[PDB]
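Presented below is the structure to which this report refers.
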Amino acid sequence: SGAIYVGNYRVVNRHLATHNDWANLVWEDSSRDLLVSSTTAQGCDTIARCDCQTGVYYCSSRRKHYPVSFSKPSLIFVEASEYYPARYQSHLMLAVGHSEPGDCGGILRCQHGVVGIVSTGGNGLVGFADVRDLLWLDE
Ligand SMILES: CSc1nccnc1CC(=O)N1CCC[C@H](C(N)=O)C1
Ligand SMILES: [Zn+2]
């Protein structure tokens, strides 16, 4: 679990969104596993606007942050699950690192701010749904 709070927005994994998230929906993309909902309270996370390929992510299944090198946002095939059939997930970045299903929502950050959130994993790999292209999160 976990979310990004920026301005009057809350960014979560779309497969983990609540009824509240859906009742206050701003935008969602099943292909990116992202959903943004509106909040009344003001959020203070800074979104990075960069092409960084190194950062630190939070791994709740280990209660630790880990430094990682990660690939460029791209279309990566993701196995069928209880939330989605077998498909390509766009805007996904992979890194060698530990993750488990409860790890989705952990933030990935570089020196510039929030890069994205844990969205996929398996076999010593961890996938992050990128948010740096969502320029509207700041306006
Ligand atoms: C950190 S998630 C994880 N980690 C290890 C093993 N398995 C997983 C599970 C996993 O990847 N998914 C299940 C939830 C929906 C995800 C998606 N974005 O389509 C795919
Ligand atoms: Zn950066």
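Heads up: the sequence shown begins at 7 in the entry's author numbering, then just goes up one per residue.
C-beta: ideal position from N, C-alpha, C; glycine also.
Residue from the options whose Cα sits closest to the Cα of residue i
| i | options | result |
| --- | --- | --- |
| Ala92 | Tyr63, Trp142, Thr126 | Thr126 |
| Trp142 | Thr45, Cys110, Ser75, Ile53 | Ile53 |
| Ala47 | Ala86, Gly8, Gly13, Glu88 | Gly13 |
| residue 4 | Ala135, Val42, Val17 | Residue 4 lies beyond the stretch modelled for the chain, which goes from 7 to 145, so this question has no answer here. |
DSSP state of residue i mapped onto helix, strand, coil
| i | result |
| --- | --- |
| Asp35 | strand |
| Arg16 | strand |
| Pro91 | coil |
| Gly108 | helix |
| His118 | coil |
| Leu140 | coil |
Residue i CB to nearest heavy atom of ligand 2 below 7 Å
| i | result |
| --- | --- |
| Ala9 | no |
| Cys65 | no |
Residue i and residue j closer than 8 Å at C-beta
| i | j | result |
| --- | --- | --- |
| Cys50 | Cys116 | no |
| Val124 | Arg138 | no |
| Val102 | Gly130 | yes |
| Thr45 | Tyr15 | yes |
| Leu40 | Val17 | yes |
Any non-hydrogen atom of ligand 1 within 7 Å of residue i CB
| i | result |
| --- | --- |
| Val84 | yes |
message: Tell me whether the stretch 20-34 and the stretch 58-68 touch, counting them as touching only if at least three CB pairs, one residue from each stretch, are closer than 8 Å.
response: no
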